[PDB]
Amino acid sequence: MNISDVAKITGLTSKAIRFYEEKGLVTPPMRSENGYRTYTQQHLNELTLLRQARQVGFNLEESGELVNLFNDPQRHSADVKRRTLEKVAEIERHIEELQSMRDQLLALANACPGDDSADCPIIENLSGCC
Amino acid sequence: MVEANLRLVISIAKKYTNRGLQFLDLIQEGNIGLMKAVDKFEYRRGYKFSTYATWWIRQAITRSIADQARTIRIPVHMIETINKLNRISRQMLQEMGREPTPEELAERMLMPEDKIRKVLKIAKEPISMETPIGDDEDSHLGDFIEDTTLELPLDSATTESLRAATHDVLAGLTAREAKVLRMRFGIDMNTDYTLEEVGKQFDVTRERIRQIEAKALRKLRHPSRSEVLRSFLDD
Amino acid sequence: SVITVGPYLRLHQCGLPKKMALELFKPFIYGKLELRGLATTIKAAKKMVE
DNA sequence: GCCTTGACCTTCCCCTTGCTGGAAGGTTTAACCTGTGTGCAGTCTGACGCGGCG
DNA sequence: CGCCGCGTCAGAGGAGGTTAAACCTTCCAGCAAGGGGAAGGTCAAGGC
Ligand SMILES: [Cu+2]
């Protein structure tokens with residue numbers, strides 16, 4: 001196809017698309033005699049998957065595995081759901097440690113007077129002084 | 001078809017002959033213009049050949065005028081930026097009764113002052129060495145410049161006397177140490193060598209070598225030998 | 001420079017301002033200063049001239 | 001003064017994510033359109049050469 | 001043939017003006033947030 005048309009359909013740009021391509025994460029679209037990256041429908045929907053996978057959170061490598069499954073007709077939906085729930089687990093732990101963060105942040109905040117003073121307890125307790 | 005339509009070429013060209021380059025080379029470029037225009041002409045569009053050909057010609061000459069016409073190759077996009085910019089500033093000095101300020105026409109041109117300023121730093125042409133700075137033919141400009149690159153004789157004598165002083169100081173110290181320093185620092189040879197190279201040429205030592213050149217400084221700091229080189233502290 | 005008249009002279013002679021000949025005969029001076037040992041080297045000699 | 005001996009600093013280069021921005025460089029548009037010049041330069045001028053022309 | 005005509009050569013800094021865009025391609029710089037490792041020195045401390 002033409003390239004901008006495909007990237008405005010899918011929202012990407014030729015630069016990001018070419019990054020993904022150099023990562024070997026989709027079908028390589030052929031060129032033309034002139035050199036335009038010859039896209040297709042296969043490239044279109046492979047790109048759509050490679051886009052939405054990192055949105056889900058499957059990384060470059062893992063989204064590439066989703067793609068090579070998208071090429072594979074044998075693909076194990078079983079595996080796919082293991083990958084799914086594994087990433088669910090990482091996102092859970094991410095949430096939990098961020099909750100620990102915000103908890104300690106608010107513990108430090110609410111103790112601070114916020115009375116435009118230089119004697120901020122947060123500052124001095126973040127350093128191992130006194 | 002070529003011979004049919006040459007007067008078209010001179011017409012276009014002498015519209016474009018605003019005094020950038022010269023007539024004939026522009027005209028010849030119009031001729032290659034016309035050649036490739038005819039080379040791929042659909043005739044069942046019904047239109048007249050003239051216009052199709054014409055804009056291909058325009059592209060040929062407006063490209064070549066860009067590629068050439070300067071000692072300094074400025075690629076095309078800078079050129080068209082300049083052209084755009086000047087078209088703008090004409091309007092700005094209609095309306096303000098004044099030349100414009102970079103900030104003003106830049107923010108109208110939707111880009112920050114740095115690029116504008118650099119474009120302006122870059123734009124002007126060279127200045128013809130043989131121009132007569134003399135009001136009459138008493139002087140050309142090529143007379144009143146200097147070779148600020150070459151040498152200076154006093155400096156050559158300076159370096160030579162410094163070198164004499166240096167190896168005079170060397171010969172006062174031990175042979176091995178002075179020689180090891182010559183290769184360490186490349187005196188009286190082509191090259192330079194370092195801790196491990198010079199060492200393992202001599203022998204393996206590393207840290208006591210450092211301390212050896214240190215005590216060399218100690219024997220050299222020595223306020224009897226500096227004074228032949230105290231002058232070169234200014235050096 | 002400009003000329004003027006020396007009437008008390010002997011015609012095998014000429015007038016001369018100092019600083020002209022001073023800068024003209026400069027490296028001569030540098031050399032024999034090194035020779036006498038006042039200025040050890042060239043930079044010092046040049047400073048003493050200045 | 002010869003060997004280290006171990007442990008420590010500093011600097012440079014390279015390497016991992018997920019792209020983004022910018023430079024430098026290329027190829028096609030269908031209403032049309034056909035012969036400069038464009039401001040010079042004010043003519044110095046006497047001998048000596050040389051080319052056509054008698 | 002001897003003009004008549006033409007040609008070549010002699011003798012204080014400082015610049016100025018306009019005439020495309022829309023689609024493509026490669027490749028280098030750059031971020032947060034550092035981490036690894038070369039390669040040379042450099043702090044103490046030895047053994048003759
Ligand atoms: Cu506080």
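Residues numbered from 1 in each chain as written, not as in the entry; some residues may be left out. Chains lettered and ligands numbered in written order. Part of a larger assembly, values for the part shown. Heavy atoms only, no water.

Topic: the interface of chain C and chain B
By a widely used convention, the size of an interface equals the accessible area lost when the partners come together.
Here comes step 1: Chain C puts four residues into the contact, and the matching count from chain B is seven residues.
Here comes step 2: Taken together, the two surfaces of chain C and chain B that pack against each other cover about 490 Å², and 68% of this comes from carbon and sulfur.
Here comes step 3: In terms of surface lost to chain B, no three residues of chain C exceed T41, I42 and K43 of chain C, which account for 84% of the buried area on that side.
Here comes step 4: Linking chain C with chain B are one salt bridge.
Here comes step 5: Inspection of the chain C/chain B interface yields zero residue pairs in polar contact.
Here comes step 6: Of the residues assigned to the side of chain C that touches chain B, the class counts are two nonpolar, one polar and one charged. (Contact = heavy atoms within 4.5 Å. Buried area = accessible area lost by both parts, 1.4 Å probe. Salt bridge = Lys/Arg side-chain N within 4 Å of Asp/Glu carboxyl O. Polar contact = N/O pair within 3.5 Å; in protein donor to acceptor, adjacent residues only side chain to side chain. Nonpolar A, V, L, I, M, F, W, Y, C, P; charged D, E, K, R; others polar.)

Things to note about the protein's contact with DNA strand D
Here comes step 1: Near DNA strand D there are 38 residues, and of these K15 and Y20 of chain A together with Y47, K48 and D203 of chain B occur at the shortest range.
Here comes step 2: Close to the protein, within 4 Å, the atoms of DNA strand D belong to sugar or phosphate groups at a rate of 57%.
Here comes step 3: Between DNA strand D and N5 of chain B there is a distance of 3.0 Å, counted from a base oxygen to a side-chain nitrogen or oxygen.
Here comes step 4: Taken together, the elements giving at least two residues each to the surface near DNA strand D come down to α2 (14-22) and α3 (41-56) of chain A together with α1 (6-16), α3 (49-67), α4 (76-95) and α10 (207-221) of chain B.
Here comes step 5: Grouping the constituent residues of the surface near DNA strand D by class yields 15 nonpolar, seven polar and 16 charged. (Near = heavy atom within 4 Å. Helix = DSSP H or I, 4+ residues; strand = E, 2+ residues; numbered from the N terminus.)

What about a nonpolar patch on the surface?
Here comes step 1: Taken together, the side chains of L98, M101, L105 and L106 of chain A make up a nonpolar region of the molecular surface, amounting to roughly 360 Å² of accessible area.
Here comes step 2: Within the secondary structure, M101 of chain A sits in helix α5 (residues 77-111). (Patch = residues over 30% accessible without salt bridge, like charges linked within 9 Å, V, L, I, M, F, W, Y side chains within 5 Å. Areas by Shrake-Rupley, 256 points an atom, 1.4 Å probe, with all protein chains shown as cover.)

Comments concerning the packing of α4 of chain B against helix α5 (residues 102-109) of chain B
All names here are of chain B.
Here comes step 1: At their nearest, the axes of α4 and α5 sit 11 Å apart, and the two run at 120° to each other. When the axes of α4 and α5 are compared, the pair comes out oblique. Here α4 runs over α5; the crossing is right-handed. On the side of α4, the interface is formed by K84, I88, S89 and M92, while α5 contributes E104, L105, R108 and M109.
Here comes step 2: Across the contact of α4 with α5, the residue classes tally to four nonpolar, one polar and three charged. (Axes fitted to C-alpha atoms, helices over the stretch in contact; angles between N-to-C directions. Parallel < 35°, antiparallel > 145°, perpendicular 65-115°, else oblique. Left-handed = near helix turned anticlockwise from the far one by under 90°.)

Observations concerning the UniProt feature "DNA-binding region" in chain B
Here comes step 1: Within this numbering scheme, the UniProt entry marks residues 195-214 of chain B as carrying the feature "DNA-binding region".
Here comes step 2: Taken end to end, residues 195-214 of chain B has its terminal C-alpha atoms 13 Å apart, with 80% of it in helix and 0% in strand. (UniProt positions renumbered as here; feature names shortened; annotations may be inferred.)

With respect to empty space enclosed by the protein
Here comes step 1: Within the structure shown, the criterion is met by four cavities of 30 Å³ or more.
Here comes step 2: Considering only enclosed or pocket space, the largest cavity measures out at about 100 Å³ in volume.
Here comes step 3: In this structure, the largest cavity is lined by 13 residues; those nearest its centre are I17, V26, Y39, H43 and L47 of chain A.
Here comes step 4: Here the residues of the lining of the largest cavity are counted per class, giving nine nonpolar, two polar and two charged.
Here comes step 5: Looking at the second largest cavity, the residues that line it are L85, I88, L105, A106, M109 and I116 of chain B.
Here comes step 6: Within the residue set of the lining of the second largest cavity, elements represented by two or more residues are α4 and α5 of chain B.
Here comes step 7: Take the lining of the second largest cavity: its biggest share by element is three residues, from α5 of chain B.
Here comes step 8: Of the residues assigned to the lining of the second largest cavity, the class counts are six nonpolar, no polar and no charged. (1 Å grid on protein atoms, 1.4 Å probe; cavity = no way out; pocket = protein on both sides within 12 Å on 5 of 7 lines; lining within 4 Å. Points joined across faces, edges and corners; volume = space filled by probe spheres on them.)

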